[PDB]
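Peer 1: Below is a structure I'd like to ask you about.
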Amino acid sequence: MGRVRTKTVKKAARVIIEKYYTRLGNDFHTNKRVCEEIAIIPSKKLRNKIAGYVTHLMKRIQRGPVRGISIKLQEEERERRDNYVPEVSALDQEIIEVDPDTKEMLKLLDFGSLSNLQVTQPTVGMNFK
Amino acid sequence: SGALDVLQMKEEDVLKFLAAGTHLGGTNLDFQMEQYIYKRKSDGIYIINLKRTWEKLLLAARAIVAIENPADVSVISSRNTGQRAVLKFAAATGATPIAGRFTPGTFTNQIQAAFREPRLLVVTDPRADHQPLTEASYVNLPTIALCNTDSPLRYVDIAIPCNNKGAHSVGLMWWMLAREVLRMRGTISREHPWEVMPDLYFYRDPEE
Amino acid sequence: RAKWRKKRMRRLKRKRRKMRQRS
Amino acid sequence: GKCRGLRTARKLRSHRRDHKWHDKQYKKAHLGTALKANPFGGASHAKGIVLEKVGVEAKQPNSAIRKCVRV
Amino acid sequence: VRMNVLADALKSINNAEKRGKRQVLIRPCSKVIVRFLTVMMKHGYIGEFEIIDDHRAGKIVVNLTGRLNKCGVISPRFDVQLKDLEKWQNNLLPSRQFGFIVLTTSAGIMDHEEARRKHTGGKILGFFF
Amino acid sequence: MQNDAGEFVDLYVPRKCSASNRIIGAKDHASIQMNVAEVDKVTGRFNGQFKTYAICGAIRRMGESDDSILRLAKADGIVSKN
Amino acid sequence: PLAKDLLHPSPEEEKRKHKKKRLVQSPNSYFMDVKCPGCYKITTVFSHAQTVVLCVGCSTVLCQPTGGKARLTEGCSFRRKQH
Amino acid sequence: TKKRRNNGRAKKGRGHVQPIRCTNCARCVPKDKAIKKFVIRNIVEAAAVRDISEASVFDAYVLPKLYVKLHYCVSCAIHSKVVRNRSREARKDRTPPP
Amino acid sequence: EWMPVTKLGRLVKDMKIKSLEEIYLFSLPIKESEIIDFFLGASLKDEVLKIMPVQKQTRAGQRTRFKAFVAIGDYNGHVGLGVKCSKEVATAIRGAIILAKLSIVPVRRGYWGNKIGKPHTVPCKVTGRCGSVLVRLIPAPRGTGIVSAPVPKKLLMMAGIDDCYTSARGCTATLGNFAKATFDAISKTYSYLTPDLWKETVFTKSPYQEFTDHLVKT
RNA sequence: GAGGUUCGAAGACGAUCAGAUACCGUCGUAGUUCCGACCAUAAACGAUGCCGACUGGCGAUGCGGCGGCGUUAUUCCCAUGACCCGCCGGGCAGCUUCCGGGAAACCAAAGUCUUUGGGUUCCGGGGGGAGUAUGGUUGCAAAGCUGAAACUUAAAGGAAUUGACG
Ligand SMILES: [Mg+2]
Ligand SMILES: [Mg+2]
Ligand SMILES: [Mg+2]
Ligand SMILES: [Mg+2]
Ligand SMILES: [Mg+2]
Ligand SMILES: [Mg+2]
Ligand SMILES: [Mg+2]
Ligand SMILES: [Mg+2]
């Protein structure tokens, strides 16, 4: 009403956190004068006003990670998730669910593979105008 | 590409294609793709000819390989199913990736952070990531695509006919391209299979 | 309007028929 | 469209004939009126007697008196 | 209705080569068609055409190449008196350096160059260039 | 463009689409020229040379290009008999 | 698109073309050499019949005519294959 | 400047087609033209539903519905906010979206 | 001094590409006016066509902003047209030259009929047309000079057409698309598909492809 | 000539308004209703002449045909018939696109046009004066059809742009 934040704050705030995630915390008056160290914020109002999102983005972070955000742990976290994999993603054990026509495609190929083929039901088609 | 002998279709390969369902097309059919289909079943699902599907796949290989400097091949995905994929062929070949937003004239603009005058696109869906194709009209950009049956072929050098719908299938193609592009020239025997699995290539939904 | 001047003249000419026909 | 045929030299001539009584610049020249109407009977100049001197008031945007002669 | 069977055909073989069509068939066929297409064959303006013999009229199937910019037809066959042949080939062809007014004289159907070597006039048909 | 003295005038000879034989613009920016590699014949491996291969804008914006790539490629022995 | 070998059109894609539109105009009709149960006699019925085809014998009636092909009566065979 | 390709009208393939006088201004309009709401309003409404369901001699009871085919001339359609007045791109989008 | 950001830019300043015919050949977008400044140093004399003041209307008076057209050419093959609108005349002009410079093309010139000497006119009768207006360029035997209105004469004289009779109509007053129609006239000389061409292209590498070693710079 | 259901020019009052011989009200004649003659015009409008050729998609639907893969039913099947899935001809239509058009709006056609002519019909040549005067003709008449000039006149107009006022 009185206070929604300006983009000098929203941008600087988000950019401190991108660069000092470890330095900050979920208090005000601590990270309040962290900002005095790591930046040259001229006015006390702004200096103080900036630790605004510095908190409102930690309260967000613990609950969840931002869809677009700057972070070191998250990037590190993402790499770990990517490495994990099934030994074969597409192996699908033995026996694929294959249409008779699909079997026909193989025959033109002339390849021979294991597989039972089932076709069933009326040709209903898709959708109900 | 038309693998007259050695770089033929094989059997271990085919089972992947069936397993992921890369041949199971969409219900509908953009005519440019009636070269690359054999039947529709009942229900109304079209069936891609894994033979043509591959020939084409090599055709893109021949063309990427052609590129002397491998890091001037843009590799796009805007839909998420490729997001992971593209990064991973890009890392395998040493090509250059764009996942998420095809950002404003990275092809046009001598001022934006990103421009790039890449010498070949590769794209997951022409349907979705359909700027870069169109910006590829203003630079002399050939263009590989991972088309479906339902996909327009405005501005494509070459269409690889696939599913490009279920993440599972997408990855495979981003594999096989990656695979062939390193088999051709690079650093694989032909005789032996990879260190690299598919599992690396086709995205994960929020799972753990 | 158009309709109400085509209807002006088709009243006015009818007065010149009447005026003329006297002589 | 146009008639275009090969024994159509008349339908053409006679077409391009009447579709000149819809030209303006010829219906001055070839009709009659002009010679009949212009005091200058088709003649470049003409002589006449000054019967009085009359000032004419110019058309609104330019105010002034023009100083002419009734001939 | 079908008045002039050239205009018919030539529209449809200009009007493919714009689209870059590889080859086209021409529905009505005729002698005059063949005889004027074989002229186009010599200066390169098309490739080999292969006339079907539906028992009635004829169909043709024209191998096109890229090379034909336009072919058209002068519809009434005016009688060209050899002195006019220039005045025509001025205002009906893009230059004096190529372009062919096919016409039909005493000694067969042929381009304007060949009527000039034999020194004959006759009736204009069309032009390709 | 020769003249009397076989003299090749004209400051360049343009490229020319492979698919339509239609001359490709000075400022036709939706042009292509796809380079496609061949192999050794036996193992695999791009070693050797090159199937260069051009296409105009119009054919691209029509939607064809890939129809018209294949047909050329399989004439040139790269692709074969699907 | 840009390459349809019109002169050598595959057999399927003439049968999905209106009779006169084909590469060569041929019909889409036929005669059938018809049995019927009583008599052994075979009549030479033309599919697209127009009239009612009566038996060379007498009593039975072979083909009610309809819009397109003729309606064969109840239990009687036919033979395309020729020409 | 043909505004609506269609002409706000929905004729095509005909000629004079039944006119119908509106349910408000009493103003005459074609059948293909004209906005055509069809209200299935409950009789009792939202409030009284439970007054009447108490006082009912009968048990449960579904209650009926009025099936009115409203049927406005465009004047009253716009004045009384049935349709509105859209952008050039929007004029086309003929779907009916709740 | 340069800082060529475009690769095509980089290749130009290190005596890498020899003649812009090597660019046009592959249909590459020039996007740095200085390129054409390498490659046609001197020559390339630049004539303003018109300074027409457009002006858009607003709550308080009218925004008035100028539109400069400039023609560019070297009386020898290459010509261009640049149209830049700006708040000020000198900005417009200066920054229209920058576009004209960019959008220069080569004009193919041919021959009256007798095939002798050097090329004095247009090969075919090309046409070019910009919104109503249209201009036809007819071939021309030597000595005839240019036979047109002022404006197409000032673009054709620049192209190094020596002779041409034209035929133009529409709203020829509207200078912009007097000049822009007869831009696309002289663009479409090199798009004219004649027997003289007609030989399958030998084909050549590409600047990006030959010199791909120097772009990944050493 | 028959008839008078409503509505309803004209027409009568009540209001509204500075006024309303208007709208908004209340009456109600001709007519709207029928049968018999005339009249011969619309924004009679897709503001797109008719025939004929050619050039892209993609969906739908009316009719007919053809083919198939369905089943609800319908019976032992059938024939059907009703749905489904295709193809084919010709119908009414839709969307979509840098064909190509198009001043523009837009247009599978307004596409094939300085790369000018498939056949043919009509018809416009700045705006008014004027669809007037006059002449002829048809009509019982309203009017219909044919249809000028002197004079005056510099723009009138069309498509899209910002404005700005509803
Ligand atoms: Mg008296
Ligand atoms: Mg009507
Ligand atoms: Mg009466
Ligand atoms: Mg009243
Ligand atoms: Mg009328
Ligand atoms: Mg028109
Ligand atoms: Mg014309
Ligand atoms: Mg006039």
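Labels used: A, B, ... for chains in the order of the structure tokens, numbers from 1 for residues in each chain, and numbers from 1 for ligands as shown.
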For residue E:111, please output as number ranges by chain all residues within 9 Å (counting only C-alpha atoms (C1' of nucleotides); exclusion window: fewer than 4 positions along the same chain).

Peer 2: E: 36, 39-40, 100-104, 115-116, 127

Peer 1: For those residues, write N, CA, C and O atoms to a file as a CSV table (one decimal), in the first residue's frame.

Peer 2:
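Once everything was written out, this is part21.csv:
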chain,number,residue,atom,x,y,z
E,36,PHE,N,4.7,-27.3,-80.9
E,36,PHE,CA,5.3,-26.1,-80.3
E,36,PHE,C,6.2,-26.5,-79.0
E,36,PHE,O,7.2,-25.9,-78.8
E,39,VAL,N,9.7,-27.4,-80.2
E,39,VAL,CA,10.5,-26.2,-80.3
E,39,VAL,C,11.2,-25.8,-79.0
E,39,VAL,O,12.4,-25.7,-79.0
E,40,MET,N,10.4,-25.7,-77.9
E,40,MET,CA,11.0,-25.5,-76.6
E,40,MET,C,12.0,-26.4,-76.2
E,40,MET,O,12.9,-26.1,-75.4
E,100,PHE,N,12.1,-16.3,-77.6
E,100,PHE,CA,11.7,-17.1,-78.8
E,100,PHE,C,10.2,-16.9,-79.0
E,100,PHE,O,9.4,-17.4,-78.2
E,101,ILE,N,9.8,-16.3,-80.1
E,101,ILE,CA,8.4,-16.2,-80.5
E,101,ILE,C,8.2,-17.4,-81.4
E,101,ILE,O,8.6,-17.4,-82.6
E,102,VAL,N,7.5,-18.4,-80.9
E,102,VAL,CA,7.1,-19.5,-81.7
E,102,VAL,C,5.9,-19.1,-82.6
E,102,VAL,O,5.0,-18.5,-82.1
E,103,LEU,N,6.1,-19.4,-83.9
E,103,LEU,CA,5.0,-19.1,-84.9
E,103,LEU,C,4.9,-20.2,-85.9
E,103,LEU,O,5.6,-21.2,-85.9
E,104,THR,N,4.0,-20.0,-86.9
E,104,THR,CA,3.6,-21.2,-87.7
E,104,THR,C,3.4,-20.8,-89.1
E,104,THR,O,2.4,-20.4,-89.6
E,115,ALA,N,12.2,-19.0,-88.9
E,115,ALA,CA,11.4,-18.3,-90.0
E,115,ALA,C,12.2,-17.2,-90.6
E,115,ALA,O,12.0,-16.9,-91.8
E,116,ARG,N,13.1,-16.6,-89.9
E,116,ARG,CA,14.0,-15.5,-90.5
E,116,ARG,C,15.1,-16.1,-91.4
E,116,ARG,O,15.5,-15.5,-92.4
E,127,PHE,N,5.1,-17.3,-77.2
E,127,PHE,CA,6.5,-16.9,-76.9
E,127,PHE,C,6.9,-17.6,-75.6
E,127,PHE,O,6.1,-17.7,-74.7

Peer 1: Run DSSP on the backbone and grab whatever in chain F lands in strand (DSSP E or B); send it over as a count of residues only.

Peer 2: 14

Peer 1: If the limit is 10 Å from any atom of ligand 7, counting only C-alpha atoms (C1' of nucleotides) and all ligand atoms, which residues qualify? Return them as a PDB file with N, CA and C atoms (P, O5', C5', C4', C3', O3' and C1' of nucleotides), in the first residue's frame.

Peer 2:
ATOM      1  N   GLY D   1     -14.191  -8.694 -69.308  1.00  0.00           N
ATOM      2  CA  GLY D   1     -12.988  -8.047 -69.906  1.00  0.00           C
ATOM      3  C   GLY D   1     -13.238  -7.495 -71.300  1.00  0.00           C
ATOM      4  N   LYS D   2     -12.160  -7.379 -72.067  1.00  0.00           N
ATOM      5  CA  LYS D   2     -12.218  -6.811 -73.402  1.00  0.00           C
ATOM      6  C   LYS D   2     -12.630  -7.911 -74.348  1.00  0.00           C
TER       7      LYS D   2
ATOM      8  P     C J 113       1.194 -14.264 -65.605  1.00  0.00           P
ATOM      9  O5'   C J 113       1.290 -12.685 -65.380  1.00  0.00           O
ATOM     10  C5'   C J 113       0.174 -11.927 -64.852  1.00  0.00           C
ATOM     11  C4'   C J 113       0.199 -10.518 -65.388  1.00  0.00           C
ATOM     12  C3'   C J 113       0.996  -9.515 -64.567  1.00  0.00           C
ATOM     13  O3'   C J 113       2.088  -9.078 -65.344  1.00  0.00           O
ATOM     14  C1'   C J 113      -1.146  -8.622 -65.208  1.00  0.00           C
ATOM     15  P     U J 114       3.403  -8.639 -64.619  1.00  0.00           P
ATOM     16  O5'   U J 114       4.193  -7.868 -65.758  1.00  0.00           O
ATOM     17  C5'   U J 114       3.586  -6.769 -66.448  1.00  0.00           C
ATOM     18  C4'   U J 114       4.470  -6.395 -67.602  1.00  0.00           C
ATOM     19  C3'   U J 114       5.899  -6.084 -67.187  1.00  0.00           C
ATOM     20  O3'   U J 114       6.818  -6.373 -68.235  1.00  0.00           O
ATOM     21  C1'   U J 114       4.895  -4.118 -68.025  1.00  0.00           C
ATOM     22  P     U J 116       3.603 -10.653 -70.677  1.00  0.00           P
ATOM     23  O5'   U J 116       2.898  -9.312 -70.154  1.00  0.00           O
ATOM     24  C5'   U J 116       2.064  -9.249 -68.968  1.00  0.00           C
ATOM     25  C4'   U J 116       0.656  -8.756 -69.258  1.00  0.00           C
ATOM     26  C3'   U J 116       0.013  -9.262 -70.533  1.00  0.00           C
ATOM     27  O3'   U J 116      -1.408  -9.240 -70.561  1.00  0.00           O
ATOM     28  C1'   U J 116       0.552  -6.944 -70.771  1.00  0.00           C
ATOM     29  P     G J 117      -2.260 -10.137 -69.570  1.00  0.00           P
ATOM     30  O5'   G J 117      -2.920 -11.250 -70.502  1.00  0.00           O
ATOM     31  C5'   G J 117      -2.334 -11.717 -71.737  1.00  0.00           C
ATOM     32  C4'   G J 117      -3.318 -11.456 -72.842  1.00  0.00           C
ATOM     33  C3'   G J 117      -3.696 -12.605 -73.749  1.00  0.00           C
ATOM     34  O3'   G J 117      -4.812 -13.361 -73.273  1.00  0.00           O
ATOM     35  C1'   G J 117      -3.625 -10.478 -74.908  1.00  0.00           C
TER      36        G J 117
END

Peer 1: If you count only C-alpha atoms (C1' of nucleotides) and all ligand atoms, which residues end up within 10 Å of ligand 3, as a list in words?

Peer 2: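 Going residue by residue within 10 Å of ligand 3, we get residues 1, 2, 3, 30 and 31 of chain J.
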
Peer 1: What lies within 12 Å of residue E:118 using only C-alpha atoms (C1' of nucleotides), ignoring chain neighbours under 4 positions off, as a PyMOL selection string?

Peer 2: chain E and resi 82+105-108+110-114+122

Peer 1: Just the residues within 6 Å of stretch 53-55 of chain D, please, counting only C-alpha atoms (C1' of nucleotides), with nothing from its chain fewer than 6 positions along; format it as a list in words.

Peer 2: residues 65, 66, 67, 68 and 69 of chain D

Peer 1: Residues of the last selection are to be written out with N, CA, C and O atoms, as a CSV table (one decimal), in the first residue's frame.

Peer 2:
chain,number,residue,atom,x,y,z
D,65,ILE,N,-10.2,44.1,-54.3
D,65,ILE,CA,-11.0,44.5,-55.4
D,65,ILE,C,-10.2,44.5,-56.8
D,65,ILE,O,-9.2,45.1,-56.9
D,66,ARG,N,-10.8,43.8,-57.8
D,66,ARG,CA,-10.0,43.3,-58.9
D,66,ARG,C,-9.9,44.2,-60.1
D,66,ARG,O,-8.9,44.0,-60.9
D,67,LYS,N,-10.9,45.0,-60.4
D,67,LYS,CA,-10.7,46.1,-61.3
D,67,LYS,C,-10.8,45.6,-62.8
D,67,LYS,O,-9.8,45.4,-63.4
D,68,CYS,N,-12.0,45.4,-63.2
D,68,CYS,CA,-12.4,44.8,-64.5
D,68,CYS,C,-13.2,45.7,-65.3
D,68,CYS,O,-13.6,46.8,-64.9
D,69,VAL,N,-13.6,45.3,-66.5
D,69,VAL,CA,-14.3,46.0,-67.4
D,69,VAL,C,-15.5,45.2,-68.0
D,69,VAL,O,-15.3,44.1,-68.4

Peer 1: What residues have any atom no more than 10 Å from ligand 6 when counting only C-alpha atoms (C1' of nucleotides) and all ligand atoms, and can you list them as number ranges by chain?

Peer 2: J: 48, 102, 110

Peer 1: Keeping only N, CA and C atoms (P, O5', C5', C4', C3', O3' and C1' of nucleotides), write those residues as a PDB file, in the first residue's frame.

Peer 2:
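Contents of result-v3.pdb, freshly written:
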ATOM      1  P     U J  48     -22.069  -6.911 -56.300  1.00  0.00           P
ATOM      2  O5'   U J  48     -20.657  -7.219 -56.974  1.00  0.00           O
ATOM      3  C5'   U J  48     -20.162  -8.556 -56.892  1.00  0.00           C
ATOM      4  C4'   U J  48     -19.007  -8.818 -57.820  1.00  0.00           C
ATOM      5  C3'   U J  48     -18.933 -10.258 -58.276  1.00  0.00           C
ATOM      6  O3'   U J  48     -17.977 -10.312 -59.356  1.00  0.00           O
ATOM      7  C1'   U J  48     -17.346  -9.973 -56.578  1.00  0.00           C
ATOM      8  P     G J 102      -0.319  -6.973 -57.421  1.00  0.00           P
ATOM      9  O5'   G J 102      -1.143  -5.984 -56.493  1.00  0.00           O
ATOM     10  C5'   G J 102      -2.512  -5.742 -56.806  1.00  0.00           C
ATOM     11  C4'   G J 102      -3.387  -5.894 -55.589  1.00  0.00           C
ATOM     12  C3'   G J 102      -3.207  -4.880 -54.484  1.00  0.00           C
ATOM     13  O3'   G J 102      -3.432  -3.538 -54.945  1.00  0.00           O
ATOM     14  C1'   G J 102      -3.456  -6.992 -53.471  1.00  0.00           C
ATOM     15  P     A J 110     -12.169 -13.949 -57.189  1.00  0.00           P
ATOM     16  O5'   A J 110     -11.421 -12.556 -57.025  1.00  0.00           O
ATOM     17  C5'   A J 110     -11.154 -11.726 -58.175  1.00  0.00           C
ATOM     18  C4'   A J 110      -9.883 -10.920 -57.984  1.00  0.00           C
ATOM     19  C3'   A J 110      -8.652 -11.648 -57.452  1.00  0.00           C
ATOM     20  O3'   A J 110      -7.479 -10.882 -57.751  1.00  0.00           O
ATOM     21  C1'   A J 110      -9.554 -10.304 -55.748  1.00  0.00           C
TER      22        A J 110
END

Peer 1: Could you please write out, as a list in words, every residue of chain C that DSSP assigns to helix (DSSP H, G or I)?

Peer 2: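 Across chain C, those assigned helix (DSSP H, G or I) are residues 3, 4, 5, 6, 7, 8, 9, 10, 11, 12, 13, 14, 15, 16, 17, 18, 19, 20 and 21 of chain C.
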